[PDB]
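Presented as structure tokens, the chain that follows is alone, the form deposited in one PDB entry.
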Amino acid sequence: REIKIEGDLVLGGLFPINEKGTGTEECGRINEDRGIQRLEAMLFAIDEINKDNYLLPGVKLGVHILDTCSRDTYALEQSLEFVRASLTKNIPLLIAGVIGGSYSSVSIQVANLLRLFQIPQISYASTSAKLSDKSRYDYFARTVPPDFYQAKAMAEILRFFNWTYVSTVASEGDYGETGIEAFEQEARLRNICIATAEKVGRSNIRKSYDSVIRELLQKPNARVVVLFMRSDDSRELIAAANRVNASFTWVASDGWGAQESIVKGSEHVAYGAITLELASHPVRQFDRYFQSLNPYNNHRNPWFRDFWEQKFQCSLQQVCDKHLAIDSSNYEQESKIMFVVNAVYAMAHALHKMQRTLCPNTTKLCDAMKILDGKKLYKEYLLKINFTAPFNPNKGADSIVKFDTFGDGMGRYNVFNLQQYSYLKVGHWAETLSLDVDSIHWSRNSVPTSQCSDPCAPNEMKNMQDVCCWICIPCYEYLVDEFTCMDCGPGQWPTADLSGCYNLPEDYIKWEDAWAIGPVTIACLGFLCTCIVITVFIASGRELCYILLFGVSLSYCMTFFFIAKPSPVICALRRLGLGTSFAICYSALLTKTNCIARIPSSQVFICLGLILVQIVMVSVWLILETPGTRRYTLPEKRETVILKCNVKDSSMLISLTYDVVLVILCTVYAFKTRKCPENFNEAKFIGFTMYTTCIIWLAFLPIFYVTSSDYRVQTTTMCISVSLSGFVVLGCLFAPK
């Protein structure tokens, strides 16, 4: 019927004593664990409340308890009796609040009804996430944490120390549907991707056996399936996976819990699972009180007599004995009794603080408590209570009953693990994990990684991504990005860590590569040959020799000029040196050839001859200002980009053109060999060699310009000019000595 024991201030109680689904009446099959167990706990807490002298000395709390039959329709009809007394229209019971709850559907409906009439409601067990939406239930503060706190818990068991980052499984209804909706919002917001995310909806359907296959198909990035599914469906999935004989790490939810019956005959399939309980401490004072109850003593509860006729399979009025009593051998405590006493005390403490403030200096209630401020009672004292859970003498930091800003209890779960087969706690999610990692027995005897794409090394760092699945592309030029390569300084270039682009100074120089030594020997041989001639002969010929000697000296400088490192001005100056040296050598022959065909002072002719060489120098100087005396680097498709002076110097060939005309003009005077003195008096043997040397020098130059390596083409051409210069004098001075 109803428990309506009188008191100064009366509390409300809705417990699923009878069970829904019995048939036409639907209000049969009285439930013990969810029911009398919880019901007597609320009665037990009230007995302790009035016994205690510090909560409410002059206020003895009354009780108004009504059945819910585990059905919302019957709960709403019953719950009207709480409203009926208040808002005057015997039942003279000023119901301060109700401690109803249990099944979320039942608690949601009474939350809608009691919100309208401004009565605070505390649900001892309703882990639904919908009830935390205060825009619809603003008079509903509960002691148990919601289920979206499990989503925020499992999504942190996967991120402890480089843990798994994949896969998800759901279930239909509201538990699986709403919880997974929170799991995804906790995985996306903290960098976790998901694999196949099916939803096993009905009890026994072909989807479940296909669900394992659909999860087994996604093999590489799914070895941790995040179950968020109910107990009956969990059995169906595990048995389905048992038949296929697969292996996973079932990161489960409260639905799986710590029940051994979930995995029966399939323990090795689920070995290594991770599940979360609700982390409730059994009240030991109530355990003695509940076991001390007697059918002939319990008169306050009308259901106890019928309860005594149900749990013993006897008729109190099979015939059971008189000395039968509840004992720890028969049945144990309900896993949520702590949350019931923490809900009765959540009002007595709230009512005590309200009584002290609004009616001070009075042991009993004052006239202001004849009308109870529903809004003030909820969001001033009830929503701000901070006492410690009674009858739990451990008195740890977790033993508080602080209500959240949304009227939720403090989230506290127990991470479990099935190791061979029994459940043993290996963690505690209060606000951050405290997992005993060493004690965890994993599925495959080692910690799974469950990462889709392996991280890419400093080499092969380029990635084509979903987010957790990239492609390790073999291409650090600027640490351009994890996902791109424009290939300025790529892996196919001599780059460096995060820095190396084509800017690298890969200039190529010879620096005495063992080939330039020959030009020095050739220059030395010519100087020795020139010194012997000077000594053996020490006029027009003397002046010509001096001009020829200057050309020989210029050739040596050119060999050394090319040997020097590239410079914007040094390289350009050395380029003009080659033209001046060639003109000087050619000019002396022209001057010598012009003096022979003279049948007009010698000094004036010598000055005129110098004027012929000065014109090329003036043109050479003018040509230098044409490029601004700059140098151009030499990049290419390959590495080792060179940094030298100007390349493709067509003006250098233009300078040779003036020498070629002078050389061609010298051949005009070279045709007078039959008209010139032979073997004496300025013999033409040297002139013939000079003409041949010019052709050889011209041929050598085109060959070097034809190639692109430029190893020793410039040095080789200079050696020919240096060798040719000594050859003209050597051929003429063959008879002397």
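Heads up, when I say rigid core I mean the largest set of C-alphas that superpose within 1.5 Å between the two forms. In this text, residue numbers run from 1 along the sequence as written.
The protein also exists as the form deposited in another entry; that form is not presented, and the subsequent description refers to it.
S.K.: Which residue of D138, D287, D174, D487 is the mover here, meaning its C-alpha shifts by 2 Å or more between the shown form and the other one once both are aligned on the rigid core?
M.R.: Spelled out, the residue whose C-alpha shifts by 2 Å or more is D487.
S.K.: Is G526 one of the residues whose C-alpha moves 2 Å or more between the shown form and the other one after the core fit?
M.R.: Yes, its C-alpha moves 2 Å or more.
S.K.: Is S211 one of the residues whose C-alpha moves 2 Å or more between the shown form and the other one after the core fit?
M.R.: Comparing forms between the shown form and the other one, the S211 CA shifts at least 2 Å.
S.K.: Note yes or no: does the Cα of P448 move by 2 Å or more between the shown form and the other one after the core is superposed?
M.R.: For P448, whose C-alpha is compared between the shown form and the other one after core superposition, the shift is less than 2 Å.
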